[PDB]
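What follows is a short report on a single structure.
Note on naming: letters A, B, ... go to the chains in the order of the sequence lines (proteins, then strands), and numbering restarts at 1 for each one. Reckoned from all heavy atoms, side chains included, excluding hydrogens, waters and symmetry mates.
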Amino acid sequence: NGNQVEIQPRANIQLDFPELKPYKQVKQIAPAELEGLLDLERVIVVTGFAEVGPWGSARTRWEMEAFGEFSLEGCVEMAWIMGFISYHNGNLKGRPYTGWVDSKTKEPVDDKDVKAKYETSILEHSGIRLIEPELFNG
Amino acid sequence: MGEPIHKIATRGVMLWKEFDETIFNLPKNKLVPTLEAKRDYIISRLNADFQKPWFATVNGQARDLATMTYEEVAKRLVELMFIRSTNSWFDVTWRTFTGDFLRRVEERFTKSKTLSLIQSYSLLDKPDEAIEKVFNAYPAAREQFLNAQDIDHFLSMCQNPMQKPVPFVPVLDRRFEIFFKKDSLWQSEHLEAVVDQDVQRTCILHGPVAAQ
Amino acid sequence: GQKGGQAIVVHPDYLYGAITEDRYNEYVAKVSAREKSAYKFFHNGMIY
């Protein structure tokens with residue numbers, strides 16, 4: 001008799017802003033008498049936060065803390081932080097490529113392959129580990 | 001190339017002449033700052049008077065590819081490429097463009113391995129249904145500005161050579177003259193693929209003396 | 001140096017019970033717009 005396209009996940013890193021529930025839902029949990037009771041000028045709120053640490057940003061550190069491993073977004077963010085993957089936009093080996101490439105070899109790398117190619121390196125050179133003289137001037 | 005061409009004095013042709021006399025004649029170093037300064041005026045003129053409207057326009061409000069959502073981009077592509085009167089895509093390359101964008105949306109917003117939500121581009125013959133189904137599969141993309149990687153991919157596949165030039169200006173940059181001028185002839189005979197089916201947007205070549 | 005310290009962080013949703021429905025709705029709309037703007041800024045700055 002002669003002679004299905006499969007779709008691959010791509011890193012979509014989210015800022016993880018707090019979930020804003022509907023007003024009735026957010027009002028049910030709080031007391032009914034809180035409305036107008038507090039001086040909001042006197043209430044202090046953490047509107048932003050971030051960090052730089054052994055596990056990259058707050059997002060990657062939180063992923064490693066909570067789930068013990070990096071998701072696709074976390075692993076791609078860690079590779080970008082560690083310089084394993086750089087972004088490229090334009091002609092590359094003739095054909096036009098737009099996406100992550102290896103920083104050293106400049107070859108295209110897909111978000112699927114970022115984990116398989118850099119998980120070991122990220123784990124070995126993140127977190128608590130032997131002191132690296134190259135990071136502390138020999 | 002800068003060669004003279006006689007065209008009917010339409011609104012689109014007058015915009016062409018104004019850009020020739022104020023933007024395209026400038027040197028390369030002056031081109032980009034001028035486009036940045038006159039971004040709003042250029043966008044308004046493209047959306048009002050030219051066959052290639054500013055792409056990032058939602059509900060008539062000027063936007064940018066970065067300030068547009070995936071659903072908005074897909075809807076804009078369907079609006080500018082799919083002809084409702086004929087109930088078919090104007091060009092198969094344009095159908096492939098829109099389908100590739102939807103495939104990229106699915107890749108961006110899928111969490112793991114999954115079958116493509118558009119297996120064949122022939123399913124795009126009902127683009128409203130295809131957009132509804134894919135953005136129901138990935139509802140997060142309805143209220144989510146385009147990823148910068150996706151913007152770069154959109155521009156690259158607008159620059160794809162094996163493709164009919166897109167009927168809009170995606171971004172104002174050094175290649176704005178290319179986007180503005182390339183593929184400016186078929187619109188005269190295919191007014192059904194124009195924003196308001198208006199000749200004033202399109203440019204028609206004609207002879208000033210032979211027009212008598 | 002005996003630098004003892006404590007802080008207490010309460011869930012943000014207990015704040016939103018101290019405001020009106022209209023104020024909360026406009027705040028939510030502003031936060032949604034700001035989150036979209038911050039997302040595009042963050043991804044642009046990350047890639048470039």
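- Of the atoms belonging to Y97(A), not a single heavy atom falls under 4.5 Å from chain B.
- Residue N12(A) touches chain B through both its backbone and its side chain, counting heavy-atom pairs closer than 4.5 Å.
- Side-chain contact between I81(A) and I122(A) is absent, with no heavy atoms from C-beta onward closer than 4.5 Å.
- The closest side-chain donor-acceptor pair between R201(B) and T10(B), if any, does not fall under 3.5 angstrom.
- Summarising the local packing, CD of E19(A) is surrounded by 12 or fewer heavy atoms from other residues, nucleotides or ligands at distances under 6.0 Å.
- Of the listed residues (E106(B), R104(B), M157(B)), the one with the most heavy-atom contacts under 4.5 Å to chain A is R104(B).
- For NZ of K115(A), the number of neighbouring non-hydrogen atoms (other residues, nucleotides, ligands) closer than 6.0 Å is 12 at most.
- Of the two parts of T110(B), the backbone and the side chain both hold a non-hydrogen atom closer than 4.5 Å to a non-hydrogen atom of chain A.
- For chain A, the nearby parts of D152(B) are the backbone and the side chain; heavy atoms of each come within less than 4.5 Å.
- Interface residue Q144(B): only side-chain heavy atoms are found under 4.5 Å from chain A.
- Of the charged side-chain nitrogens involved, at least one lies within less than 4.0 Å of a carboxylate oxygen, so that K181(B) and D20(B) count as a salt-bridged pair.
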